[PDB]
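Asker: Just passing along the structure, written as structure tokens.
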Amino acid sequence: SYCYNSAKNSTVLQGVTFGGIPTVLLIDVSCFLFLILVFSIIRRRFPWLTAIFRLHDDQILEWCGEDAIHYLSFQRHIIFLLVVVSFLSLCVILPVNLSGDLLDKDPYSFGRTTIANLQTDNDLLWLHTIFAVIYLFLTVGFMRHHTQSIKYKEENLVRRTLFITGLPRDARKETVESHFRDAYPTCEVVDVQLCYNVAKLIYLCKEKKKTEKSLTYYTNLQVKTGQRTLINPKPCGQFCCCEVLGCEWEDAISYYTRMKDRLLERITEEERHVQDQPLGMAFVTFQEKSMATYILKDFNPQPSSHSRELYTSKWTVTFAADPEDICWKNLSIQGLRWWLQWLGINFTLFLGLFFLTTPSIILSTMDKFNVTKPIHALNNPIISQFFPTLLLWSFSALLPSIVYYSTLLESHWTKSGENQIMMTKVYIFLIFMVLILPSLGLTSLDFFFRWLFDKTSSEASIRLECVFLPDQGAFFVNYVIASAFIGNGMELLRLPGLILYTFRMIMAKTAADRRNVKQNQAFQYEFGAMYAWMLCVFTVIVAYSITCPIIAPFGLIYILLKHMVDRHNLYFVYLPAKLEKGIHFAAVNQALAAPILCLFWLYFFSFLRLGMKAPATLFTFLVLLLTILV
């Protein structure tokens, strides 16, 4: 007498053969091995497994980048934490999940190993919650240790210049200087430089420099070949093989000369206009940092004779960044528009997340909507267990470039806030794209299915105690394996990278041009992107640790697959480390979110299964609140 009672001589449809995890795994590893085979061929063109069998931790610091050492230290800390949690979870909590009767002890159903196979009116889930908290301390300790592995000294002394926003457009340098003298007589200013709408000027000068580089290339090509080169200036104009209306061929030197002259005219126009358009922005540099900091905490003000006309109450004052990194070309989009521009991008990118992950989930349950005909209808094990998973992984792989385009479009101010904020906005969107939003989606899908089939269609309401993801949450398990074998081997071969390789070698000017292109063949290692990827998959793993612990070992494999691969990725192909120390600290403050999410989702599923009447729900609420506050 347990959930999934029966149908008329047809059993049930929701059950799956061990969530289909083995077969996809086999398929996955096959592709992985397939990829590694190609890898060998690639390395025979541009086994080396003995290298990873032989790599050591001294030569990497001896010659390669310094920050790669901290990245590998974080990788080692994560692998140790994951192996500890795997051997601590599969030992106790898997037998605890198996010691229940909601799945009727069916032979090869995934749900028998998940939290779904656990009585709601029990005390064993207390262990869950206890388990769900001890992780924190464990993880915290490990993360704390990793901090002591880098212990970067806090030195960011760029504080002699203050960036001030909210100044009136009619403000003058003399007036603001007099205001600072009056409000802060003990504080003396060396220089005030008002910011104007130069942005448009920057943009034009960037296009001039691009045009000149192009002109110099075609002039040097003529001089070398004696031939005039015709070009098509339309998008994709290289692929225009035929004189069709819209594929006009022009002389390259004549085109780029005319473009340069038109850009020069517009630059000279804009240079006259530059003052007329101030931003009400200001930079105030100082002899000493301490007076600037004094003004800063004072604002975080002292009246002057020039307080009223300068609208001092509307100013926002911060420490000015490095003058060589501040994006002037993105400073003209200040004001509420920027804030609106904010919502003008992420939200639509948010609406992107509903159009790439929701498909996959649908293919996961495209055969589980009739909630009847329960006679082994299911689907081919290739699809609905693997194909949606691979599709989700591929969309996640395409996401970081989309986030790069979005961050460029939203036009931030400081270049420093273009990689740390980049990593944060890739990690958050990845979490919202694989872990939280898809899980909520298919949990609500199971709610719909249960309302369609379980005791509601016949005479009553929903028996909500046995509510869980369809395939009993097998899907993310596949994802982890899809991120471990096919995903990691795929990342090893860098198919976007090799596509760029082939697309740059095929499209050229001369057949024998192997000298060029190869100069930019290798690219800088994007520590932010790979940190965000590892943290996204780690959140997917640890989030379902107290729940559906079969993922816990599989995710371990992932990080191992990652570890070795990134070692190779940090020795042979990709460039050495260059990034700053802030990214690693942010990544340290990133893994702490995974067990918090795990606690939140354990509480969420417990509250979904059983109401708030039981003291367990109240205990989960209070403990989640206190750990979140701390």
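Every chain in the structure tokens has a letter given in the order shown (A, B, ...), and although residue numbers restart at 1 in each chain, ligands are simply numbered from 1 in the order shown.
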Pick out each residue of stretch 355-489 of chain A that DSSP on the backbone tags as helix (DSSP H, G or I); I need them as an MDAnalysis selection string.

Answerer: chainID A and resid 355:364 387:410 415:418 420:453 470:489

Asker: For those residues, write C-alpha atoms to a file as a short mmCIF file (atom, residue, chain, number, x, y, z; two decimals), in the first residue's frame.

Answerer:
```cif
data_model
loop_
_atom_site.label_atom_id
_atom_site.label_comp_id
_atom_site.auth_asym_id
_atom_site.auth_seq_id
_atom_site.Cartn_x
_atom_site.Cartn_y
_atom_site.Cartn_z
CA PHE A 355 13.86 29.15 -24.20
CA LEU A 356 16.94 26.89 -23.92
CA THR A 357 16.49 24.90 -20.70
CA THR A 358 12.71 24.46 -20.94
CA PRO A 359 13.12 22.60 -24.28
CA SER A 360 15.47 20.03 -22.70
CA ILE A 361 13.14 19.47 -19.73
CA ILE A 362 10.30 18.96 -22.20
CA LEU A 363 12.29 16.33 -24.09
CA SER A 364 12.94 14.74 -20.69
CA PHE A 387 19.72 13.74 -25.65
CA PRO A 388 18.01 16.46 -23.54
CA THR A 389 20.96 16.27 -21.16
CA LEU A 390 23.51 16.74 -23.94
CA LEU A 391 21.39 19.55 -25.40
CA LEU A 392 21.35 21.32 -22.03
CA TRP A 393 25.11 20.89 -21.69
CA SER A 394 25.71 22.28 -25.19
CA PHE A 395 23.51 25.30 -24.47
CA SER A 396 25.44 25.81 -21.23
CA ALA A 397 28.67 25.68 -23.23
CA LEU A 398 27.32 28.35 -25.57
CA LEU A 399 26.18 30.50 -22.62
CA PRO A 400 29.50 32.15 -21.59
CA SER A 401 29.97 33.82 -24.99
CA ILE A 402 26.40 35.11 -24.75
CA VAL A 403 27.18 36.49 -21.29
CA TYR A 404 30.29 38.16 -22.73
CA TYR A 405 28.18 39.85 -25.40
CA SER A 406 25.64 40.90 -22.76
CA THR A 407 28.29 42.35 -20.45
CA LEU A 408 29.82 44.27 -23.35
CA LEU A 409 26.37 45.59 -24.30
CA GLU A 410 25.48 46.75 -20.78
CA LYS A 415 37.57 47.25 -16.63
CA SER A 416 38.19 45.63 -13.23
CA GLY A 417 34.44 45.08 -13.03
CA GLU A 418 34.56 43.32 -16.40
CA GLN A 420 35.05 39.58 -11.69
CA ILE A 421 31.53 40.76 -12.52
CA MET A 422 31.87 38.64 -15.66
CA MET A 423 32.60 35.54 -13.58
CA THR A 424 29.76 36.33 -11.17
CA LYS A 425 27.21 36.89 -13.96
CA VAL A 426 28.30 33.72 -15.74
CA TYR A 427 28.07 31.64 -12.56
CA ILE A 428 24.67 33.05 -11.54
CA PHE A 429 23.19 32.52 -14.99
CA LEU A 430 24.60 28.99 -15.15
CA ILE A 431 23.00 28.19 -11.78
CA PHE A 432 19.72 29.64 -13.04
CA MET A 433 20.15 27.65 -16.25
CA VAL A 434 20.91 24.11 -14.99
CA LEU A 435 20.42 23.83 -11.23
CA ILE A 436 17.53 25.91 -9.90
CA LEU A 437 15.22 26.92 -12.75
CA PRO A 438 15.15 23.54 -14.59
CA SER A 439 14.67 21.74 -11.28
CA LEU A 440 11.74 23.97 -10.32
CA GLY A 441 10.36 23.51 -13.82
CA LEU A 442 10.31 19.73 -13.80
CA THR A 443 9.25 19.62 -10.14
CA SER A 444 6.18 21.63 -11.13
CA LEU A 445 5.86 19.23 -14.06
CA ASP A 446 5.70 16.36 -11.57
CA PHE A 447 3.12 18.32 -9.58
CA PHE A 448 1.05 18.59 -12.77
CA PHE A 449 1.48 14.86 -13.43
CA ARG A 450 0.47 13.94 -9.88
CA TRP A 451 -2.63 16.12 -10.12
CA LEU A 452 -3.34 14.41 -13.45
CA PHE A 453 -2.97 10.86 -12.15
CA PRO A 470 10.33 12.88 -12.79
CA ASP A 471 12.70 9.99 -13.41
CA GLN A 472 13.07 10.60 -9.67
CA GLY A 473 15.58 13.30 -10.48
CA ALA A 474 17.81 11.13 -12.64
CA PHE A 475 18.17 13.97 -15.15
CA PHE A 476 20.82 16.02 -13.34
CA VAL A 477 22.78 12.84 -12.65
CA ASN A 478 23.06 12.39 -16.40
CA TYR A 479 24.06 16.05 -16.63
CA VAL A 480 26.93 15.49 -14.22
CA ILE A 481 28.12 12.52 -16.25
CA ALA A 482 27.46 14.54 -19.40
CA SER A 483 29.67 17.22 -17.87
CA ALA A 484 32.23 14.58 -16.82
CA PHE A 485 32.93 12.35 -19.83
CA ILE A 486 31.49 13.90 -22.99
CA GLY A 487 31.60 17.44 -21.61
CA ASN A 488 35.15 17.31 -20.28
CA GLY A 489 36.64 15.50 -23.27
#
```

Asker: Can you list, as a PyMOL selection string, every protein, DNA or RNA residue that comes within 8 Å of stretch 242-256 of chain A when you count only C-alpha atoms, leaving out same-chain residues fewer than 6 positions away?

Answerer: chain A and resi 211-212+214-215+218-219+228-234

Asker: Please produce a file of those selected residues containing N, CA, C and O atoms, as a PDB file, in the first residue's frame.

Answerer:
```pdb
ATOM      1  N   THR A 211      40.155  51.155 -39.168  1.00  0.00           N
ATOM      2  CA  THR A 211      40.157  51.501 -40.596  1.00  0.00           C
ATOM      3  C   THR A 211      41.583  51.695 -41.111  1.00  0.00           C
ATOM      4  O   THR A 211      41.943  51.101 -42.121  1.00  0.00           O
ATOM      5  N   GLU A 212      42.433  52.413 -40.377  1.00  0.00           N
ATOM      6  CA  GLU A 212      43.846  52.626 -40.716  1.00  0.00           C
ATOM      7  C   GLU A 212      44.638  51.325 -40.763  1.00  0.00           C
ATOM      8  O   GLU A 212      45.325  51.062 -41.745  1.00  0.00           O
ATOM      9  N   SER A 214      43.437  48.470 -41.468  1.00  0.00           N
ATOM     10  CA  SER A 214      42.906  47.794 -42.654  1.00  0.00           C
ATOM     11  C   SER A 214      43.472  48.386 -43.941  1.00  0.00           C
ATOM     12  O   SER A 214      43.891  47.635 -44.820  1.00  0.00           O
ATOM     13  N   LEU A 215      43.556  49.715 -44.022  1.00  0.00           N
ATOM     14  CA  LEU A 215      44.170  50.432 -45.133  1.00  0.00           C
ATOM     15  C   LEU A 215      45.640  50.030 -45.290  1.00  0.00           C
ATOM     16  O   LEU A 215      46.026  49.552 -46.351  1.00  0.00           O
ATOM     17  N   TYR A 218      45.980  46.489 -46.836  1.00  0.00           N
ATOM     18  CA  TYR A 218      45.712  46.412 -48.273  1.00  0.00           C
ATOM     19  C   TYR A 218      46.743  47.167 -49.113  1.00  0.00           C
ATOM     20  O   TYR A 218      47.148  46.658 -50.155  1.00  0.00           O
ATOM     21  N   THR A 219      47.247  48.305 -48.635  1.00  0.00           N
ATOM     22  CA  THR A 219      48.350  49.021 -49.287  1.00  0.00           C
ATOM     23  C   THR A 219      49.605  48.152 -49.338  1.00  0.00           C
ATOM     24  O   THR A 219      50.181  47.956 -50.405  1.00  0.00           O
ATOM     25  N   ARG A 228      45.489  45.193 -57.608  1.00  0.00           N
ATOM     26  CA  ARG A 228      44.407  45.852 -56.864  1.00  0.00           C
ATOM     27  C   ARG A 228      43.445  44.800 -56.325  1.00  0.00           C
ATOM     28  O   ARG A 228      42.969  43.955 -57.076  1.00  0.00           O
ATOM     29  N   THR A 229      43.169  44.850 -55.025  1.00  0.00           N
ATOM     30  CA  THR A 229      42.268  43.899 -54.366  1.00  0.00           C
ATOM     31  C   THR A 229      40.859  44.476 -54.288  1.00  0.00           C
ATOM     32  O   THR A 229      40.657  45.536 -53.695  1.00  0.00           O
ATOM     33  N   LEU A 230      39.885  43.759 -54.844  1.00  0.00           N
ATOM     34  CA  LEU A 230      38.467  44.082 -54.701  1.00  0.00           C
ATOM     35  C   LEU A 230      37.904  43.430 -53.431  1.00  0.00           C
ATOM     36  O   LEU A 230      38.256  42.298 -53.091  1.00  0.00           O
ATOM     37  N   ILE A 231      37.035  44.142 -52.716  1.00  0.00           N
ATOM     38  CA  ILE A 231      36.356  43.674 -51.501  1.00  0.00           C
ATOM     39  C   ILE A 231      34.852  43.933 -51.581  1.00  0.00           C
ATOM     40  O   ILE A 231      34.410  44.896 -52.200  1.00  0.00           O
ATOM     41  N   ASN A 232      34.075  43.112 -50.876  1.00  0.00           N
ATOM     42  CA  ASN A 232      32.655  43.349 -50.648  1.00  0.00           C
ATOM     43  C   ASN A 232      32.434  43.837 -49.196  1.00  0.00           C
ATOM     44  O   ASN A 232      32.699  43.087 -48.250  1.00  0.00           O
ATOM     45  N   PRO A 233      31.959  45.078 -48.980  1.00  0.00           N
ATOM     46  CA  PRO A 233      31.810  45.668 -47.647  1.00  0.00           C
ATOM     47  C   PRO A 233      30.541  45.228 -46.886  1.00  0.00           C
ATOM     48  O   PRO A 233      30.282  45.712 -45.771  1.00  0.00           O
ATOM     49  N   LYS A 234      29.714  44.335 -47.445  1.00  0.00           N
ATOM     50  CA  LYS A 234      28.503  43.819 -46.788  1.00  0.00           C
ATOM     51  C   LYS A 234      28.827  42.705 -45.775  1.00  0.00           C
ATOM     52  O   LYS A 234      29.862  42.049 -45.895  1.00  0.00           O
TER      53      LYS A 234
END
```

Asker: From the options A:148, A:97, A:220, A:332, which residue's atoms come nearest to residue A:198, counting only C-alpha atoms?

Answerer: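 Smallest separation from residue A:198 among the options: A:332.
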
Asker: Mind checking which residues fall within 7 Å of stretch 171-180 of chain A, counting only C-alpha atoms, ignoring those fewer than 2 positions away in the same chain, and posting them as a JSON list (two decimals) with N, CA, C and O atoms, in the first residue's frame?

Answerer:
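Once everything was written out, this is around06.json:
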```
[["chain", "number", "residue", "atom", "x", "y", "z"],
["A", 167, "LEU", "N", 27.10, 65.45, -10.49],
["A", 167, "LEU", "CA", 27.35, 66.87, -10.61],
["A", 167, "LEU", "C", 26.44, 67.49, -11.66],
["A", 167, "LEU", "O", 26.07, 66.83, -12.64],
["A", 168, "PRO", "N", 26.04, 68.75, -11.48],
["A", 168, "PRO", "CA", 25.25, 69.42, -12.52],
["A", 168, "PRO", "C", 26.05, 69.59, -13.80],
["A", 168, "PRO", "O", 27.28, 69.71, -13.77],
["A", 169, "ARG", "N", 25.35, 69.58, -14.93],
["A", 169, "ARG", "CA", 26.02, 69.70, -16.22],
["A", 169, "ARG", "C", 26.68, 71.06, -16.38],
["A", 169, "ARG", "O", 27.69, 71.18, -17.09],
["A", 182, "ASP", "N", 36.28, 75.23, 0.49],
["A", 182, "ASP", "CA", 35.41, 75.73, 1.55],
["A", 182, "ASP", "C", 34.97, 74.63, 2.50],
["A", 182, "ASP", "O", 35.02, 74.80, 3.72],
["A", 183, "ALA", "N", 34.54, 73.49, 1.96],
["A", 183, "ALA", "CA", 34.04, 72.41, 2.80],
["A", 183, "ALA", "C", 35.16, 71.74, 3.57],
["A", 183, "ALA", "O", 34.98, 71.32, 4.72],
["A", 184, "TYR", "N", 36.34, 71.61, 2.96],
["A", 184, "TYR", "CA", 37.48, 70.93, 3.55],
["A", 184, "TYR", "C", 38.70, 71.84, 3.48],
["A", 184, "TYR", "O", 39.57, 71.66, 2.62],
["A", 192, "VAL", "N", 41.36, 69.03, -10.94],
["A", 192, "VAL", "CA", 40.01, 68.53, -11.17],
["A", 192, "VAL", "C", 39.80, 68.47, -12.67],
["A", 192, "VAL", "O", 39.97, 69.48, -13.37],
["A", 194, "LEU", "N", 36.94, 67.55, -15.37],
["A", 194, "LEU", "CA", 35.53, 67.29, -15.62],
["A", 194, "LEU", "C", 35.38, 66.36, -16.82],
["A", 194, "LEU", "O", 36.12, 66.47, -17.81],
["A", 304, "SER", "N", 29.35, 74.00, 2.00],
["A", 304, "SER", "CA", 30.26, 75.01, 1.49],
["A", 304, "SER", "C", 29.43, 76.15, 0.91],
["A", 304, "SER", "O", 28.20, 76.07, 0.83],
["A", 305, "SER", "N", 30.12, 77.23, 0.53],
["A", 305, "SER", "CA", 29.44, 78.31, -0.18],
["A", 305, "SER", "C", 28.92, 77.82, -1.53],
["A", 305, "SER", "O", 27.98, 78.39, -2.09],
["A", 306, "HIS", "N", 29.54, 76.78, -2.07],
["A", 306, "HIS", "CA", 29.11, 76.18, -3.32],
["A", 306, "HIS", "C", 28.35, 74.87, -3.13],
["A", 306, "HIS", "O", 28.27, 74.08, -4.07],
["A", 307, "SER", "N", 27.79, 74.64, -1.95],
["A", 307, "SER", "CA", 26.95, 73.46, -1.76],
["A", 307, "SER", "C", 25.66, 73.53, -2.58],
["A", 307, "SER", "O", 25.31, 72.57, -3.28],
["A", 310, "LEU", "N", 25.79, 73.35, -6.56],
["A", 310, "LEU", "CA", 26.40, 72.11, -7.02],
["A", 310, "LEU", "C", 25.60, 70.87, -6.64],
["A", 310, "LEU", "O", 25.99, 69.77, -7.05]]
```

Asker: Compile the contact shell of stretch 133-139 of chain A as an MDAnalysis selection string: residues with an atom at most 8 Å away, counting only C-alpha atoms, same-chain residues fewer than 6 positions apart removed.

Answerer: chainID A and resid 81 85 591:592 595:596 599

Asker: Go ahead and write the residues just picked, N, CA, C and O atoms, as a compact mmCIF listing (two decimals), in the first residue's frame.

Answerer:
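Result file result.txt:
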```txt
# COMPACT_ATOMS: atom_id res chain seq x y z
N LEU A 81 37.33 17.50 -0.95
CA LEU A 81 36.01 17.67 -0.37
C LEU A 81 35.00 16.72 -1.02
O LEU A 81 34.18 16.11 -0.33
N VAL A 85 32.93 13.77 0.83
CA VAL A 85 31.48 13.76 0.90
C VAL A 85 30.91 12.54 0.18
O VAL A 85 29.87 12.02 0.58
N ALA A 591 32.11 28.59 -3.59
CA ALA A 591 31.78 27.23 -3.18
C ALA A 591 30.96 27.19 -1.91
O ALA A 591 30.28 26.20 -1.66
N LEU A 592 31.02 28.25 -1.10
CA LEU A 592 30.21 28.30 0.11
C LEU A 592 28.72 28.34 -0.22
O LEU A 592 27.89 27.92 0.59
N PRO A 595 26.61 24.38 -0.58
CA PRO A 595 25.91 23.70 0.51
C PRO A 595 24.76 24.51 1.08
O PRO A 595 23.80 23.92 1.61
N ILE A 596 24.81 25.84 1.00
CA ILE A 596 23.65 26.65 1.38
C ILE A 596 22.48 26.35 0.46
O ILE A 596 21.34 26.18 0.92
N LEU A 599 21.08 22.99 1.48
CA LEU A 599 20.19 23.12 2.63
C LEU A 599 18.83 23.67 2.21
O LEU A 599 17.78 23.15 2.62
```

Asker: Compile the contact shell of residue A:300 as a VMD selection string: residues with an atom at most 12 Å away, counting only C-alpha atoms, same-chain residues fewer than 4 positions apart removed.

Answerer: chain A and resid 293 to 296 313 315 to 319

Asker: Give me the residues near residue A:320 as a list in words, where near means some atom within 9 Å (using only C-alpha atoms) and where sequence neighbours in that chain fewer than 3 positions away do not count.

Answerer: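 In the requested format, the answer is residues 158, 159, 160, 161, 162, 163, 164, 283, 284, 285, 317, 323 and 326 of chain A.
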
Asker: What's the separation between atom CA of residue A:540 and atom CA of residue A:499, in Å to one decimal place?

Answerer: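 Distance between the two atoms: 29.1 Å.
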
Asker: Would you please work out which residue, of A:94, A:612, A:622, A:565, is nearest to residue A:55 when using only C-alpha atoms?

Answerer: A:565

Asker: Need to verify the contact set: stretch 368-380 of chain A, 8 Å, only C-alpha atoms, exclusion of same-chain residues closer than 3 positions in sequence. Can you return it as an MDAnalysis selection string?

Answerer: chainID A and resid 7 10:14 16 365 383:384 449 452:453

Asker: From the list A:123, A:205, A:490, A:466, which residue is nearest residue A:35 when using only C-alpha atoms?

Answerer: A:490

Asker: Which one is closest to residue A:412: A:330, A:113, A:156, A:86? Count only C-alpha atoms.

Answerer: A:330

Asker: Restricting the calculation to only C-alpha atoms: of A:467, A:26, A:202, A:579, which residue gets closest to residue A:68?

Answerer: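 Of A:467, A:26, A:202, A:579, the one nearest residue A:68 is A:579, counting only C-alpha atoms.
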
Asker: Could you list, with a cut-off of 8 Å and counting only C-alpha atoms, the residues of stretch 529-608 of chain A near stretch 56-65 of chain A, each shown with its nearest atom pair and the distance in Å rounded to one decimal, rows sorted by chain and ascending number, as a tab-separated table?

Answerer:
```
residue	atom	partner	partner_atom	distance
A:571	CA	A:64	CA	7.3
A:576	CA	A:65	CA	4.3
A:577	CA	A:65	CA	4.0
A:578	CA	A:65	CA	6.8
```

Asker: Please dump the current selection as a short mmCIF file (atom, residue, chain, number, x, y, z; two decimals), in the first residue's frame; keep C-alpha atoms.

Answerer:
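selection_3.cif, written as the output of this step:
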```cif
data_model
loop_
_atom_site.label_atom_id
_atom_site.label_comp_id
_atom_site.auth_asym_id
_atom_site.auth_seq_id
_atom_site.Cartn_x
_atom_site.Cartn_y
_atom_site.Cartn_z
CA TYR A 571 50.73 23.28 -19.49
CA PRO A 576 50.13 30.99 -18.50
CA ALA A 577 48.35 32.73 -15.63
CA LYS A 578 47.89 36.50 -15.65
#
```
